[PDB]
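One structure is given below, encoded as structure tokens.
So you know, we letter chains A, B, ... as the sequences are listed, proteins then strands, and number each from 1.
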Amino acid sequence: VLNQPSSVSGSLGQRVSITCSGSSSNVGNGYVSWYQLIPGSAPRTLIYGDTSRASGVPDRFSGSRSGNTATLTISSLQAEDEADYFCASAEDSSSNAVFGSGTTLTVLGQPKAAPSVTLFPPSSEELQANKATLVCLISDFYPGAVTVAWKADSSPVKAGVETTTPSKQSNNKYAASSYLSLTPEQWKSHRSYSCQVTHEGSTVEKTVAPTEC
Amino acid sequence: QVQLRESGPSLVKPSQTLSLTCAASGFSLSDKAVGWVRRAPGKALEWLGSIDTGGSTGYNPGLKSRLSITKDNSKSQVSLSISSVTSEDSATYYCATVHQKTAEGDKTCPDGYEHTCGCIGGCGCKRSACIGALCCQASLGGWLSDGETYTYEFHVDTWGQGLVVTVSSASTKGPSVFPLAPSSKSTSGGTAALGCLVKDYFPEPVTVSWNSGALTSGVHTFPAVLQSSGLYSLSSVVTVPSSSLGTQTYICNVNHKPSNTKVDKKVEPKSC
């Protein structure tokens with residue numbers, strides 16, 4: 001495995017560099033490639049032959065090499081550049097490729113975006129299947145870190161809660177979802193249930209009630 | 001355009017053989033080499049192997065004993081088999097066109113070194129600071145560039161979309177699809193969010209479209225949660241005019257290929 005830093009950070013509009021260290025039998029052979037893996041999207045070839053930009057790669061991505069350490073340099077950093085970056089190089093065979101350990105890029109200076117919360121009650125169909133799921137959908141927020149708490153009436157609920165780790169949407173904002181699984185009896189017996197979404201010190205609470213149909 | 005499509009089971013039992021297939025389009029398998037690459041959750045890209053235009057295969061040496069790549073130019077397919085898999089083999093699997101070339105004659109000297117022919121024995125590379133005809137000796141950090149300087153070029157050209165594969169002893173489960181109808185208080189003025197709940201399926205992945213793909217704007221399909229039960233759930237919502245919640249047809253198209261399940265769930269408006 002080629003050695004890369006675990007993570008790097010650069011501010012918006014500025015420039016960051018990611019190194020790729022190996023031996024004279026891989027990186028030294030002078031044909032290093034670079035790949036961009038954005039969460040959810042297919043990998044993208046950035047650089048090949050140390051410095052040649054692949055088809056469609058903007059000029060902002062620059063590759064270089066000195067000896068057994070290659071470097072990817074990203075300039076005019078944009079939020080869309082956050083991704084896992086991997087280098088690669090053949091080793092003793094054109095059909096024996098070695099990848100780097102990967103580097104996570106954090107673009108700094110991105111402004112706060114507050115979450116929008118949509119809470120759905122259990123459908124009538126699910127209740128007839130003798131199940132009940134409350135669905136709390138959380139969209140359009142940055143940074144990708146939320147805490148989700150659930151309330152039955154006004155009492156906290158910890159059992160039956162399943163919450164995703166936030167992941168990045170297409171618009172550079174994050175999405176997350178939280179699910180509360182109940183029996184139809186529990187759902188019907190309470191006056192309401194609440195999803196409380198806390199993001200950057202502020203909490204959005206949405207509430208649903210079995211009485212509403 | 002060059003396109004690659006992976007197919008095969010998204011679920012394999014431990015110790016079984018995982019077999020995938022890559023469908024080519026936009027080129028001939030007799031013109032480009034095709035290779036396989038996988039990324040396990042959280043880990044780094046890992047090379048698997050490739051088969052060049054001549055049907056000759058190269059593999060990851062640590063995995064070679066368990067790998068096997070075949071090709072049929074006629075059907076325009078590339079296959080991959082991995083034997084005796086375990087949880088370690090759960091990953092997204094890509095096929096891709098790859099560049100592979102062995103080059104010779106690279107007598108260029110690295111940075112900090114200088115090409116010279118005034119060495120004992122002819123031409124080579126010396127440290128730029130070294131002075132004398134012995135600077136191409138190992139004792140002085142140089143070398144003679146005599147004969148065979150084979151350099152190997154590799155890079156992935158066009159990446160496939162990637163097939164999710166889970167290796168587990170847990171059994172498949174098709175999803176329960178439930179409508180997510182907005183009520184009279186959950187709207188958002190001139191628009192409203194309606195959706196579908198895709199509950200308790202195993203393994204990944206699931207896809208959702210709306211109205212057979214004719215409705216794309218305002219569609220937001222959320223990533224799945226992995227529940228303590230080992231089952232997955234995800235939701236997909238679309239934002240539409242509130243005026244049309246009860247006059248326009250809205251249907252989510254759920255596809256869970258691992259269980260061979262498709263559901264078209266028509267979402268009706270709630271009364272209150």
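Taking the side chain as every heavy atom from C-beta outward, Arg60(A) and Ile74(A) approach each other to under 4.5 Å. Looking only at side-chain heavy atoms (C-beta outward), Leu234(B) and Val225(B) stay at 4.5 Å or farther from each other. In this structure the side chain of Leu245(B) reaches within 4.5 angstrom of the side chain of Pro182(B), judged on heavy atoms. Residues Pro223(B) and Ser167(A) form a side-chain contact, since some pair of their non-hydrogen atoms from C-beta on lies under 4.5 Å apart. By the 4.5 Å heavy-atom criterion applied to side chains, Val57(A) and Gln36(A) are not counted as neighbours. Considering only heavy atoms from C-beta on, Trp210(B) comes within 4.5 Å of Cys196(B) through its side chain. Using a 4.5 Å cut-off on side-chain heavy atoms (C-beta onward), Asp140(A) and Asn171(A) make contact. Using a 4.5 Å heavy-atom cutoff, the side chains of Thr17(B) and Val85(B) are not in contact.
For the atom pair OG (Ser235(B)) and CZ (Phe178(B)), the distance works out to 11.5 Å, reported to the nearest 0.5 Å. Here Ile47(A) contributes atom CD1 and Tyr31(A) contributes atom OH; the two are 11.0 Å apart, rounded to the nearest 0.5 Å. Annotation: the span from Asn130(A) atom CG to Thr183(A) atom OG1 amounts to 7.5 Å, rounded to 0.5 Å.
Judged by distance alone, the side chains of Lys206(A) and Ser194(A) never bring a donor and an acceptor atom under 3.5 Å apart. For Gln227(B) and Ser233(B), the side-chain atoms include at least one donor-acceptor pair closer than 3.5 Å. Between the side chains of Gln100(B) and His155(B), no donor N or O sits under 3.5 Å from an acceptor N or O.
Looking at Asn211(B), its side chain does come within 3.5 Å of a backbone N or O of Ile251(B) through a donor-acceptor pair. Side chain of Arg66(B) to backbone of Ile82(B): no donor-acceptor contact under 3.5 angstrom is found. Checking side-chain atoms of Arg53(A) against main-chain N and O of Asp59(A) turns up a donor-acceptor pair under 3.5 Å. A donor-acceptor pair is defined here as one N or O able to donate and one able to accept, closer than 3.5 Å; no such pair exists between the side chain of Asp72(B) and the backbone of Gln77(B).
A pairwise comparison of heavy atoms in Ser76(B) and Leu29(B) identifies OG-CD1, 3.1 Å as the closest pair. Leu134(A) approaches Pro121(A) most closely through the heavy-atom pair CD2-CA, 3.7 Å. For the residue pair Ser139(A) and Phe222(B), the shortest heavy atom distance occurs at OG-CZ, 3.1 Å. Taking both residues in full, the closest heavy atoms of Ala96(B) and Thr158(B) are given as CB-O, 3.0 Å, listed atom of the first, atom of the second, then distance.
With respect to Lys265(B) and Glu125(A), a salt bridge is recorded, a charged nitrogen being found less than 4.0 Å from a carboxylate O.
Within the structure, the side-chain hydrogen bond (donor to acceptor under 3.5 Å, both in side chains) test picks out the following pairs touching residues 143-156 of chain A (sequence neighbours left out): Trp150(A)-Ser178(A).
Evaluation of the ring-ring contact (aromatic ring centres under 6.0 Å, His included) rule for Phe86(A) yields no partner, not counting sequence neighbours.
Between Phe154(B) and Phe99(A), the angle of the ring planes goes over 60°, which puts this pair in the perpendicular group of the 30/60° scheme. Using the six-membered ring where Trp is involved, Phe202(B) and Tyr232(B) have ring planes that are parallel, under 30° apart on the 30 and 60° scheme. In this structure, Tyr142(A) and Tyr174(A) have tilted ring planes: the angle between them lies in the 30° to 60° band.
When the shell of 6.0 Å around NZ of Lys199(B) is examined, it contains more than 12 heavy atoms from other residues, nucleotides or ligands. Heavy atoms of other residues, nucleotides or ligands lying less than 6.0 angstrom from NZ of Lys173(B) number more than 12.
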Exercise. So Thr45(A) and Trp159(B), side-chain hydrogen bond (donor to acceptor under 3.5 Å, both in side chains) or not? Walk me through it.
Worked result: CA-CA 8 Å; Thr45(A) 297; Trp159(B) 290 88; 3.0 Å; yes
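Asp157(B) pairs with exactly one of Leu4(B), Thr97(B), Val34(B) by the side chain to side chain contact (heavy atoms under 4.5 Å, CB included) rule, that one being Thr97(B). Of the residues listed (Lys13(B), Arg38(B), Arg39(B), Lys43(B)), the one engaging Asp89(B) in a salt bridge (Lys or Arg N to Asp or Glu O under 4.0 Å) is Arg38(B), and it is the only one.
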